[PDB]
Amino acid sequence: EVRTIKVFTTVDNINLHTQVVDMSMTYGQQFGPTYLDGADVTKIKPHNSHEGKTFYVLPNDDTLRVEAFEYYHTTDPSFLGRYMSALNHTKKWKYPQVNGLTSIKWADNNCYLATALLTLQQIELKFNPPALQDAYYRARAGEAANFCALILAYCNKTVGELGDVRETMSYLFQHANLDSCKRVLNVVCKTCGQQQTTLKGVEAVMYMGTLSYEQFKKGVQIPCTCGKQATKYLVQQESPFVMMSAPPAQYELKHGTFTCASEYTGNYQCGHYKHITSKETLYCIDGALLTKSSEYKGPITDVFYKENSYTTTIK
């Protein structure tokens, strides 16, 4: 018009698209929903200080659609808006270093995110979407705002919502390279005989029902269709870690027998997670808080163990 500035739009913050905007019009009148480092500027008109800056927009043509899928590995139409909305909050959280790991100072029911982030830094895992690769690298260095906002977006959780650690890891593992992970199980009924099953990928590293990896190797009792109880035991395992999960229950963690774990106090509606890690002693990381002990007992819901290759001796 009488008057313009130059700005750049983007969906990945790497590839930029030159634009000239009229300063008498809102960004939304010109681009649609528009964001400046997480802040929604759809209803704002351009300012002088905006010249030369980068704005996120939604994918609304073939070029941006391809750029967004290549970077994020999703075509959910609401993804970028949910990422930007979370980022406006996570960029204000604090990310203290606790016993050498990036944690999160408690805010907005984010305890489940803190213990997931602490867990990731203790297990061997590589992400596939460039967005997660780039953000996780930054989080390890201590600037985890983009990583947490992406976790929230991928998991369809909003800031303030209470999440579940097992479900959060399941979403993150879907976006990780676990192709070389393999699990063989055997289920034995005294009436119906035995049945072997093989699992791959995410399903090879996650089990729901018991926290103890040793008990899983000895055998755990599960329902059979004939009405009896059958025994399920681990036959073979190829993976760099395993995750055992169960509904929260009093459980004793022994120094040196596990990598890390999550503890949950509360009920179906509200609660609080803490993280326990086994190093030179047992450390309990609770957001920005840190305590130590030689023994630990509490309502544990997930335990992670190191692994490489295991073969049963059970015949």
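Residue numbers run from 1 along the displayed sequence.
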- On average, are the C-alpha B-factors higher in 274 to 282 or in 24 to 32? 24 to 32
- Query: Of the two stretches 79 to 87 and 182 to 190, which shows the higher Cα B-factor on average in the entry?
  - Reply: 182 to 190
- Task: Using the entry's values, work out which of 269, 259, 54, 262 has the largest Cα B factor.
- Result: 269
- Residue, from 125, 114, 145, 141, that the PDB entry assigns the highest Cα B-factor: 141
- Would the CA B-factor of residue 12 place it in the lowest, middle or highest third of its chain? lowest
- Of the three thirds of Cα B-factor ranks in this chain, residue 233 occupies the highest
- Query: Sorting the chain's CA B-factors, does residue 297 end up in the lowest, middle or highest third?
  - Reply: highest
- Of the three thirds of its chain by CA temperature factor, lowest, middle or highest, which one includes residue 201? middle
- By the record's CA B-factor, is residue 240 among the lowest, middle or highest third of residues in the chain? middle
